[PDB]
Amino acid sequence: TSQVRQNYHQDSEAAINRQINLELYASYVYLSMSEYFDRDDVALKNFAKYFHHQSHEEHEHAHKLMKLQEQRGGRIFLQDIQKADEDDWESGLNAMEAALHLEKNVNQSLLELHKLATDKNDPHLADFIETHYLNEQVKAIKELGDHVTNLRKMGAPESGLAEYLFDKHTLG
Amino acid sequence: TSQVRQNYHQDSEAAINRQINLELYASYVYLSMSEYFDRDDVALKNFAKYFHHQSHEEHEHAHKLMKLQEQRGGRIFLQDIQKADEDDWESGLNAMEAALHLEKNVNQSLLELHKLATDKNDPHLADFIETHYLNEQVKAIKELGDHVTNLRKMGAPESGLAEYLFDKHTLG
Amino acid sequence: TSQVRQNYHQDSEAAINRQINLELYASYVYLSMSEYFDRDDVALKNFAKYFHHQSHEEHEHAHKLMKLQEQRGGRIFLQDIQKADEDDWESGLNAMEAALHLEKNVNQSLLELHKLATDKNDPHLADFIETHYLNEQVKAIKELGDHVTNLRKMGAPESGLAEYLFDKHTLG
Amino acid sequence: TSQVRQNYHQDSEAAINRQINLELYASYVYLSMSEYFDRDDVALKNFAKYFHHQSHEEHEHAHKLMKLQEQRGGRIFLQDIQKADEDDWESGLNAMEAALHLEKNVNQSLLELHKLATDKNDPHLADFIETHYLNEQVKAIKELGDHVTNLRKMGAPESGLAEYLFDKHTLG
Amino acid sequence: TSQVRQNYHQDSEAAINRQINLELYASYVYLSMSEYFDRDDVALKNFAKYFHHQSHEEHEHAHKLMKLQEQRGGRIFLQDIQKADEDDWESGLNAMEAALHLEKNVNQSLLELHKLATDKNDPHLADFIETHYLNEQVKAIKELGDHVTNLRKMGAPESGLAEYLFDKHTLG
Amino acid sequence: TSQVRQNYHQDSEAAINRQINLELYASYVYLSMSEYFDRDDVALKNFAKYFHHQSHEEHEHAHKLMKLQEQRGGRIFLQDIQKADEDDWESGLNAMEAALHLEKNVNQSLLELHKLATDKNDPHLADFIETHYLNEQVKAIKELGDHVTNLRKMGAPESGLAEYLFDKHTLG
């Protein structure tokens, strides 16, 4: 056992390891989306930039969790980063919809992680999740909802003009 | 024979002369396209600027080849610069499509030039083509593909609004 | 007929198209001369620079004419740009002499163009030629005459020292 | 088939997809190593920083390959990013030794990729690998060899003082 | 065998060692030429400066090759640096002619080195030679050809005035 | 005989030519040492930098002697630059010891050169050696002695840690 370990339950350590992998997965989904919009038959450069930014943000989320694990005296156990469900994201609107779904899934996992911290009387972990994760998720979900809404109201995905103009005026 | 000539095959010298003319031709096609978009009944100023830029880029491509010829001790033999297949380029989308076709044709000629350099064991010429031409073509082809894609998805060439908005937001 | 076309005779439109091609031809002659002086067995770098500058100047002359055509509602009809009469320009003095001859030929064509504008009662075209072309030609012809004179008096083309020193002290 | 695709063999497209995954794997190995050195019972912060830098470098290597795929008109097919062979890297010297082995493995794959490009007469791909990958690998391998050598000569991994001083004076 | 050595043939290692010596030899020839022009009975200071610069350039060429040897895990085996064929270089024109001959000889050796790299399927070495050596040689050969040409046309070596003026206007 | 030659004995001219070669030899020994420390199985970068600096310093020493020869009206006769006694310098301490021996040998030759100048009543040469060479040698010998001493006292060459720390704290 670590010289630093204090009030850190085995279940919490395990849950943190699972959360690290999920953040790395989210980052990979975003990378997949990013590259999709750089295809010659898609060619929406600001969508590509947006999802590239989101990919690196999720990477930072993974970093903080790995830091938390080391600080608390837990042991990081990395797992395979699974590829995304799709190779072809269909459209700007579909990718945004898929991103929204992903972020709500990550949020659900974080809420379960928080409940575990509360149940194990780990207020440091509870606050770590609150401070660095919970509001970030809520903000991310709201932004993606905003994007989905505009794209829909503009006539996406049927209107390619809608996705082009959104790429230019919101994302660029 | 030149005091500088070394490992420079007669066939390579001839192929370089042919490539010079093709680069000058490409430059002329782009000039034709440029001026078309400045017509009072077309009036797409950023299309005009874009193709003007492409015209001068091809001119630089011709310059480097002429320099290569002199450096290697070959003799430049210039040929007539043929006018383009069209006077009237129809639309923004059509010009982009025609440009894409042109760039792929120039690329094919460069690949054949590279094979000749390899076959004649001329690694200087091989690398000259690799370094200054091959990736430039690949980048140019991809960009034109991107442009064609956006214009199509926006509703060009039927939608004049599409070509107007593309001129403003991508090319301007 | 153009929505902009006013007082613009079919003969003038045709003559402008012919003048565009001649300016492009002059530019090409200068390019040929430029590259000649970059040959390892010629090696007069400031001659090369001088004629390169002249090449791009003629290009600008072609640009203004193409602009005039579009502004007046004429239609640009481009033609093949013919290669120069020579591949080998012999010497600094010979190239200058050939350039002088070329500029006087271009000037003759411009004077005929001006007479046509006067005959067709087209004062806009008449002034366009006067303002942008006629004095430019007179200046160019005089400069080339000056250069020919100095080279001759210095002992060119027999004296290679003369051409070397002229390259350094006048053109450099 | 892509509007941009030219001279791009199905085997090359597949090999590029495999190389993308390998670069992502290398990045993940480095991340694993990075976090290991941040453990309270390891605590070599400059080792951690060094491998973190290497992780992001491999990420850039993956980015350029993904860009190449899109530019050439290939389709990116992402795969699971496999976790590293180890959770516990034992020591500074062992991690450096493992990194050296990894880089030589990546290099072998790049050399095979280059042979395939040569065999398929794809000089653009050949030069892309040469320009952006081959010398980068050679430099990386040499640096890791240098590091392994110093650590060994200093008395690692038996001497914890050696690894501490190396962390401070070479990596910091 | 080196911990870093990969895909590096014994013949390539040997050829690199031979090339290192040749670059050091070229540097020494240039040094000899440099000092010759500083003789009180020669006194062409800009010739001296020019060849001094060339001497140090060849030294850098030797440095990069030595670096390549270490990076690839080869062992540097230095050899005697042979003195030049002449003590007395006769004239500005003769030295330039001798330099031209030297550079073409070095170039021939580099081309043979490149063929060996290709034959041994060593694309890293092939590109190293292409990137850092082949175009540098072509540029150097062309420049020396240019210099020889001007000196000849000016009346060298019979005309001491020609060599004096060339020293002042081209080299100074 | 030179128009500038005055009070310059044939023996002095010969001795200066021999000294030039010895300075070039010393420079080459240092270059050999420099590259040795850049080996992947040695990897002492500041040793490499130190000896590289010493190599170029000896080159300057050779330059001043060549200048002296020309100024006095002597004729430079260059000789082959002999490779060093070793390819493998064993260690930091051994190289420093070998450098110390080399510098004392060069110093002995300079002292003999000075005696010859005194014997031939050549006070210009005597002072040239005094001013530019004698104290430089004494300083160089003392510095190398200092380095040898520290390395020995630190536990070199048996202690690789000693050579590593010396590389970092004295040479870096």
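For reference, chains read A, B, C, D, E and F in written order, and residue numbers begin at 1 within each chain.
Everything below uses one rule, namely that a residue touches a chain if its C-beta (ideal position, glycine included) is under 8 Å from a C-beta of that chain, and two chains touch if they have at least 3 such contacts.
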I want to compare two interfaces, C-E and E-F. Which one has more contacting C-beta pairs? E-F
Matching interface for B-C, options C-E, D-E or E-F, criterion over half of contact pairs identical, gives E-F
Interchain centroid distance [CA atoms averaged], chain D/chain F, Å: 43
Let me have the rounded angstrom distance from the C-alpha centre of chain A over to the C-alpha centre of chain D, please. 25
So, what's the distance in Å between the C-alpha centres of chain D and chain B? 36
Enumerate the residues of chain B that touch no fewer than two other chains. 2-4, 70, 73, 126-127, 130, 142, 145, 149
Please give the residue numbers of chain B that touch chain A in the complex, ascending. 142, 145-147, 149-150, 152-155, 159, 162, 165-166, 169-170
The residues of chain B that touch chain C in their complex are 2-4, 24, 28, 31-32, 35-36, 38-41, 66-67, 70, 73, 75-84, 87
Enumerate the contact residues on chain C facing chain E in the complex. 40-43, 45, 160-161, 163-165, 168
Residue ranges of chain B touching chain E (in the complex, touch as defined): 2-4, 6-7, 70-73, 121, 123-124, 126-128, 130
Please output the residues of chain E touching chain B within their complex, sorted ascending. 100, 104, 107-108, 111, 114-115, 118, 126-127, 129-131, 134-135, 137-139, 141-142, 145, 148-149
